[PDB]
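Worksheet: the structure to be examined is printed underneath.
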Amino acid sequence: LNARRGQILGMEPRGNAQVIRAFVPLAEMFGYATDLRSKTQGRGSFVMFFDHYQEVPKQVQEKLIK
Amino acid sequence: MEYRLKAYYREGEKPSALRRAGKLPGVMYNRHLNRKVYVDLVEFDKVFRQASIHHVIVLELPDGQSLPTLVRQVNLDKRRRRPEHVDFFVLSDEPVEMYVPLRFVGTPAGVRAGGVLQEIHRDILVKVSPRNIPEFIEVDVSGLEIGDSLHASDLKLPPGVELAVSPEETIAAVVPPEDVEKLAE
Amino acid sequence: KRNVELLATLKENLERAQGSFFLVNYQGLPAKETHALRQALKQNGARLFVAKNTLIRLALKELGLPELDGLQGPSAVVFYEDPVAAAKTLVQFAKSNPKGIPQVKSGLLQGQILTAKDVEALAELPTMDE
Amino acid sequence: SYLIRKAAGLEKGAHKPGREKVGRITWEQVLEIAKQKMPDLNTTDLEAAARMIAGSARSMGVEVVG
Amino acid sequence: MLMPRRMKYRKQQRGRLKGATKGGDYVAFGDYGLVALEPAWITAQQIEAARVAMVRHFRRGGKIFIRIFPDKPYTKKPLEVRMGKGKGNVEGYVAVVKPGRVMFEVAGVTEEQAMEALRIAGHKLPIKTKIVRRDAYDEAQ
Amino acid sequence: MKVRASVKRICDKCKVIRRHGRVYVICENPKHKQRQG
RNA sequence: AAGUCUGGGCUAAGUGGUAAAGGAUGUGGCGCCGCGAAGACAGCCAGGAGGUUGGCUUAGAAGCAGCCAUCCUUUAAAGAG
Ligand SMILES: [Mg+2]
Ligand SMILES: [Mg+2]
Ligand SMILES: [Mg+2]
Ligand SMILES: [Mg+2]
Ligand SMILES: [Mg+2]
Ligand SMILES: [Mg+2]
Ligand SMILES: [Mg+2]
Ligand SMILES: [Mg+2]
Ligand SMILES: [Mg+2]
Ligand SMILES: [Mg+2]
Ligand SMILES: [Mg+2]
Ligand SMILES: [Mg+2]
Ligand SMILES: [Mg+2]
Ligand SMILES: [Mg+2]
Ligand SMILES: [Zn+2]
């Protein structure tokens with residue numbers, strides 16, 4: 624998730640099972656549907672709810688325009 | 001390339017005895033003679049280790065004589081990997097059968113590809129006058145891809161120096177190279 | 004014994020291709036400054052010969068067996084000795100005597116000094132181009 | 075050597091150079107290059123200068139024609 | 001793993017590890033060998049462990065020569081059964097090996113690499129072993 | 001402490017020591033510590 | 001019962017006075033290479049600099065995520081680390 628530009632909010636147990644909560648730019652979240660299942664061997668899930676927009680870093684915002 | 005090595009006569013002494021005392025029993029011979037000799041083990045080792053069965057060793061006898069020999073066989077102690085006894089063939093001016101090294105030249109195509117140069121022969125049997133031993137014999141191996149060989153039939157030959165074994169006798173080969181991507185089967 | 008013998012030679016060859024080679028404390032400075040007195044003396048002199056650094060022990064046997072008196076100034080210390088006659092031996096010894104007397108305190112002092120063929124002297128050497 | 079992209083054509087590396095070529099440059103197009111951004115460099119020559127990109131081209135995926 | 005393709009006899013008497021090695025006491029193919037310092041029946045599974053270890057360390061490269069071969073059938077009575085009522089069943093094959101035998105040899109690889117491989121394969125073996133290199137003494141036999 | 005029959009240098013900074021009769025390995029790295037046993 | 005006998009050596013574990021793979025700067029003795037007053041090994045005083053961010057990759061990997069390349073340069077010496 625850090626590979627996807629993510630600020631990590633924390634972790635917690637659930638069904639044991641550990642949860643992970645973090646802000647990932649939806650931009651870097653296409654493949655994560657089956658990219659999760661690839662790394663948990665068919666034992667993963669996620670939810671994803673928009674929290675906020677924010678200015679993309681100038682390395683991109685001054686480059687996506689091309 | 002002209003190695004010499006001090007060698008002393010022996011008669012009744014027990015081999016066990018000579019061996020306890022640093023010495024290495026052995027015998028020198030040829031069609032004309034036969035003497036039981038011994039040599040200091042570490043002196044002989046320093047020598048033979050580079051002389052092998054390849055280059056003339058020259059025996060400095062105590063009576064003063066100075067015989068050029070080839071080492072003809074070296075008996076090993078099977079349990080300890082020590083040399084137990086040496087045979088010294090006393091070279092005459094006739095031609096004599098012998099082993100001469102094969103230096104394998106260059107770097108084959110089968111290496112640089114994965115493979116390995118199996119050197120089926122690291123020297124060769126040869127009729128030759130003592131007055132011209134080639135401390136070498138080059139073989140171009142560079143043309144080999146993995147799968148290929150090279151026999152005595154190839155292999156140049158200095159004059160001269162004839163073979164002394166069927167040229168149907170393979171001397172190198174490039175075989176494939178172990179590899180873990182095999183394995184699981 | 005050793006390949007410090009291919010160090011005597013190529014440092015006695017390009018030593019016995021002159022007559023007035025001087026000496027200085029040539030390690031003291033950064034790799035910026037140690038390309039500064041190096042760009043300049045590769046211009047303010049001749050060829051690419053500022054300090055052709057090699058061992059104090061080697062130069063002293065070298066400037067001993069190739070005769071040249073023996074620059075008994077002091078080969079001691081981080082000393083690489085600026086081949087002054089492997090450059091156009093001139094009043095360009097100021098290119099040195101100025102370089103370090105400004106850039107970092109004592110940043111290129113001298114020591115031994117052989118002028119023409121006879122030894123100059125200590126401070127008779129930095130006053131020998133100023 | 076940023077300049078080297080407009081003398082052979084390419085804009086990218088070769089990922090596996092050595093056997094793969096995707097362009098070429100000769101003994102003289104290296105000398106012109108050994109001149110432009112050269113008040114900088116390090117040395118001052120032309121043959122102590124050309125062998126400075128003649129292998130900075132093979133570090134990506136372009137060879138030297140001789 | 002290793003075992004005879006066919007035999008004349010299914011089972012054979014145990015015999016006896018007296019003696020130095022009869023044969024195979026010099027290196028004869030590669031540049032480095034592993035030689036046995038103690039007598040044993042070495043099993044196929046052992047030899048095979050020994051091999052695999054070497055290849056996994058070479059990891060593409062080199063030739064491993066395997067100079068012993070397990071052709072002596074090993075018998076075992078079924079667990080929890082009494083004495084008698086016939087010789088037991090063949091459960092595997094072993095190589096009789098006596099001191100001074102070169103068991104494996106390697107070639108086409110560095111000294112700092114055969115050394116290790118051979119160091120390792122020793123570990124899989126149930127005896128003490130020295131690592132050797134070719135010598136003239138070898139060449140001379 | 002790792003207590004083992006086989007103690008060895010693990011990394012280039014590892015150090016083998018014998019103390020009060022007993023072979024140890026000490027190291028910059030706390031995981032590398034070993035007493036033989 | 002009869003030597004706290006004589007001479008040379010080793011052991012520091014009460015080893016002697018019950019055990020294996022294997023591990024080990026234990027200790028004593030051999031042997032063989034390598035460096036060494038053209039000044040080594042250890043410590044410490046400098047230097048460790050360029051082309052250059054090595055291309056791609058990718059949001060960015062600038063000597064160090066990873067596919068690969070790995071030449072030369074002023075040099076006493078400074079790996080595209
Ligand atoms: Mg020996
Ligand atoms: Mg029986
Ligand atoms: Mg039998
Ligand atoms: Mg068994
Ligand atoms: Mg049975
Ligand atoms: Mg074992
Ligand atoms: Mg041997
Ligand atoms: Mg035979
Ligand atoms: Mg372990
Ligand atoms: Mg420490
Ligand atoms: Mg007493
Ligand atoms: Mg006790
Ligand atoms: Mg006890
Ligand atoms: Mg010991
Ligand atoms: Zn460590």
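Those sequence lines, one after another, are chains BZ, AZ, AK, AL, AQ and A9.
Position one of the first sequence corresponds to residue 624 (the deposited numbering), numbered consecutively onward.
Position one of the second sequence corresponds to residue 1 (the deposited numbering), numbered consecutively onward.
Position one of the third sequence corresponds to residue 4 (the deposited numbering), numbered consecutively onward.
Position one of the fourth sequence corresponds to residue 75 (the deposited numbering), numbered consecutively onward.
Position one of the fifth sequence corresponds to residue 1 (the deposited numbering), numbered consecutively onward.
Position one of the sixth sequence corresponds to residue 1 (the deposited numbering), numbered consecutively onward.
Every residue gets a Cβ at the ideal spot worked out from N, C-alpha and C, and that includes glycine.
Around the C-beta of residue 83 (chain AL), fewer than 16 other C-beta atoms lie within 10 Å, and the residue is accordingly described as exposed.
Excluding the 5 residues flanking it on each side, residue 170 (chain AZ) has same chain C-beta neighbours closer than 6 Å at 120, 149 and 151, in chain order. In the structure shown, residue 105 (chain AL) falls within a helical segment according to DSSP collapsed to helix, strand and coil. Distances between the C-beta of residue 81 (chain AZ) and the heavy atoms of ligand 2 are all 8 Å or more. Contact between the region 104-112 of chain AQ and the region 27-35 of chain AQ is established, with three or more Cβ pairs separated by less than 8 Å.
Rounded to the nearest angstrom, the gap between the Cα atoms of residue 113 (chain AL) and residue 136 (chain AZ) is 56 Å.
Those residues of the region 39-50 of chain AZ placed with their C-beta closer than 7 Å to a C-beta in chain AQ are 48 and 49, ordered along the chain. Distances from the CB of residue 90 (chain AZ) to the heavy atoms of ligand 1 are all 8 Å or more. Nearest C-alpha to residue 110 (chain AK) among 14 (chain AK), 20 (chain AK) and 32 (chain AK): 32 (chain AK).
Collapsing the DSSP output to three states places residue 83 (chain AQ) in coil. Here DSSP, grouped into helix, strand and coil, assigns residue 115 (chain AQ) to helix.
Listed by position along the chain, the residues with Cβ atoms less than 7 Å from a non-hydrogen atom of ligand 6 are 122 (chain AQ), 123 (chain AQ), 125 (chain AQ), 126 (chain AQ), 127 (chain AQ), 128 (chain AQ) and 129 (chain AQ). In its chain, beyond the 5 residues on either side, 76 have a beta carbon closer than 8 Å to the beta carbon of residue 82 (chain AZ).
Less than 9 Å divides the Cβ of residue 141 (chain AZ) from the Cβ of residue 107 (chain AZ). In the DSSP assignment, residue 8 (chain AZ) is bridged to 38 (chain AZ). Spanning the alpha carbons of residue 665 (chain BZ) and residue 656 (chain BZ) requires a straight line of approximately 11 Å. Residue pairing for residue 77 (chain AZ): DSSP places it in a beta bridge opposite 82 (chain AZ). As the crow flies, the alpha-carbon of residue 73 (chain AQ) is around 35 Å from that of residue 173 (chain AZ). For chain AZ, the residues of the region 24-35 of chain AQ that bring a beta carbon within less than 8 Å of one of its beta carbons are 25, 26, 29 and 35, in chain order. Within the region 49-64 of chain AQ, the residues whose Cβ lies closer than 9 Å to any Cβ of chain AZ are, in chain order, 52, 54, 55, 56, 58, 59, 60, 61, 62, 63 and 64. Between ligand 5 and the CB of residue 87 (chain AQ), the shortest heavy atom gap is smaller than 8 Å. Using a Cβ distance threshold of 9 Å, residue 90 (chain AZ) and residue 68 (chain AZ) count as a contacting pair. Here DSSP, grouped into helix, strand and coil, assigns residue 673 (chain BZ) to coil.
Per DSSP, residue 101 (chain AZ) lies in no alpha helix (DSSP H); the unbroken beta strand (DSSP E) holding it starts and ends at 96-101. Beyond the five residues adjoining it in sequence on each side, residue 104 (chain AZ) comes within less than 6 Å, by CB distance, of 139 and 141 in the same chain, given in chain order. Counted as a single uninterrupted DSSP element, the stretch harbouring residue 84 (chain AK) is not any beta strand (DSSP E), since DSSP gives it neither H nor E. The alpha-carbon of residue 25 (chain AZ) is positioned some 14 Å away from that of residue 72 (chain AZ). Residue 28 (chain AZ): member of the beta strand (DSSP E) spanning 23-30, first to last residue. Note on geometry: alpha-carbon atoms of residue 70 (chain AQ) and residue 8 (chain AQ) lie some 15 Å from one another. Taking 8 Å as the cut-off, the C-beta of residue 13 (chain AQ) counts as close to a heavy atom of ligand 2. Residue 15 (chain AZ) sits in a helix when the DSSP states are folded into three classes. Taking the Cβ of residue 43 (chain AQ) as the reference point, at least one heavy atom of ligand 4 falls within a distance shorter than 8 Å. Put simply, the backbone Cα of residue 102 (chain AQ) is about 26 Å away from that of residue 185 (chain AZ).
The Cβ atoms of residue 44 (chain AQ) and residue 1 (chain AQ) lie closer than 9 Å to each other.
Closer than 9 Å to the CB of residue 177 (chain AZ) there is at least one CB belonging to chain AQ. What residue 117 (chain AZ) touches in chain AQ, judged by beta-carbon distance under 7 Å, is 108, going in chain order.
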